[PDB]
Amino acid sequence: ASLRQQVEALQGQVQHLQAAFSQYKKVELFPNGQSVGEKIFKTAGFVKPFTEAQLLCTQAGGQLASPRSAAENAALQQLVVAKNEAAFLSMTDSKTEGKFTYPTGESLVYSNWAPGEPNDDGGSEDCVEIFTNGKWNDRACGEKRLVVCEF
């Protein structure tokens, strides 16, 4: 009997937490975050070469932005447009030229390559950048692009 009362009490505490937290979710994502589905993109707000950008995301418990649908790509694009800086995606073809994969090693399930890309320009573009127009282009990993991680 006391348990039924203890349960109701917990119900009230949970409802409170749920409500308060929903508000802080909005506050937190402003202005550098974007929620799409169960994924959250967040930009560090600055540019870094691929290797450094990758380390920043992984050490933070996430990974570089990896849009796997038109919906996610559009969400990521909003951050890129807002910062007016193209960003690096997580995928590369460093292992096998022409074969882009996620950090897991799996093949792409979605892509939004600009016409003619990837073209491995100069024979040395193994990373991927997303333009403010939302399209993808393979680019030199040594370049510095906006750091956007996904969680």
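Numbering starts at 1 and follows the sequence shown. Only the largest set of C-alpha atoms that superpose within 1.5 Å between the two forms is called the rigid core.
Taking 138-146 and 15-23 in turn, the stretch whose Cα atoms are more displaced from the shown form in 9 other deposited structures of this protein following rigid core superposition is 15-23. Looking at 78-86 and 38-46 together, the entry lists the larger mean B-factor for 78-86, computed on C-alpha atoms. Annotation for 123-131 versus 7-15: the higher mean temperature factor (C-alpha) is found in 7-15. Highest C-alpha temperature factor among 96, 66, 32, 112 per the entry: 96.
In the deposited entry, the Cα temperature factor of residue 118 sits in the bottom third of values across the chain's modelled residues.
Sorting the modelled residues of the chain by their CA temperature factor places residue 56 in the middle third.
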